[PDB]
């Protein structure tokens, strides 16, 4: 059976300790679940299961995916669960929801991801007791999200490894980053993010605040201020806070059903999932994950790289993003036409579904037929998905 994406929605991507500084992840997820239901004309009582990727759920309670579905109005008869493949979680959950319908075990799936890096707590194992001496309170965002478990350094250090191998200069990475800011600022000014974004109401005591714009997009990002920044990981390196994605909060999801099911409801799907793939790479060069993952997804779809009309390649770092574009060789003018994670933000568990939303709504906006979304994953992995319009 062919699985189509009947509808999709995402929240604005908030800055670290910014708009969503005190908003739990499942509250963002519930808003996205309700949005994809309204946009498709599907009631909450029809959803069979909710699959939400999430990397940092510590302290949010039992199964935040279940919390997001219940708050969105999904009945207790349905099920919900979370999964963690780091940065590719938001997109892998869509593939997993697609398989639930392919194997005949479900009919309607809400799949996506949600992440609140601001709400990540500090933790320490204290059951055995600290008999004597100091101990460390560990930042779960750094430890469980952004630090390689095999070599011990940050994900920006792996980007330094890619930067050294593909011989990408500091100027080339800054030029890529500046281009990402300008494309995102132009798209936001033209309102090209309005369709995918569902407004989120930050319920406050002093007054409610409606967040409907990605607050990481900077206006007037100059190349001179980008080249004045010091390297953020290697003191004699090339990756800085400017040419790297930041820490962000947000949620995104899609409504999944069979093509025949959408046809029975008179729904015009955003696209048809034709293939997907996930491949592992060396954890040292985790940013190269999209390279074998995209080729495997295109091979499963029977497509050549030139067949793609639009591409969404997540920009974890400027060094890894340039390497993926150079290795695969696709036309850069069709890759991230509205900017990328360097300017929009990188909410780990939701970025996979975030770029899926951006990919789906731009394919609809310009009539693209074949699209591809891909991300790199910490620990040395990549995930890719091919979408075709109906």
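Residue numbers count along the first chain shown, from 1.
- Here the stretch with the larger average CA B-factor, out of 252-260 and 217-225, is 217-225.
- Taking only CA atoms, the mean B-factor in the PDB entry is higher for 164-172 than for the other of 164-172 and 272-280.
- Residues shown: 189, 194, 183, 206. Highest C-alpha temperature factor in the entry: 206.
- In this entry, the residue among 46, 362, 38, 327 with the greatest C-alpha B factor is 327.
- Placement of the Cα temperature factor of residue 77 within the chain: middle third of the modelled residues, per the deposited record.
- Sort the modelled residues of the chain by CA B factor and residue 349 lands in the middle third.
- Among the modelled residues of its chain, residue 130 has a C-alpha B-factor that falls in the highest third, as given in the PDB entry.
- Among all modelled residues in this chain, the alpha-carbon of residue 103 has a temperature factor (C-alpha) in the middle third.
- In the PDB entry, residue 385 places in the middle third of its chain by CA B-factor.
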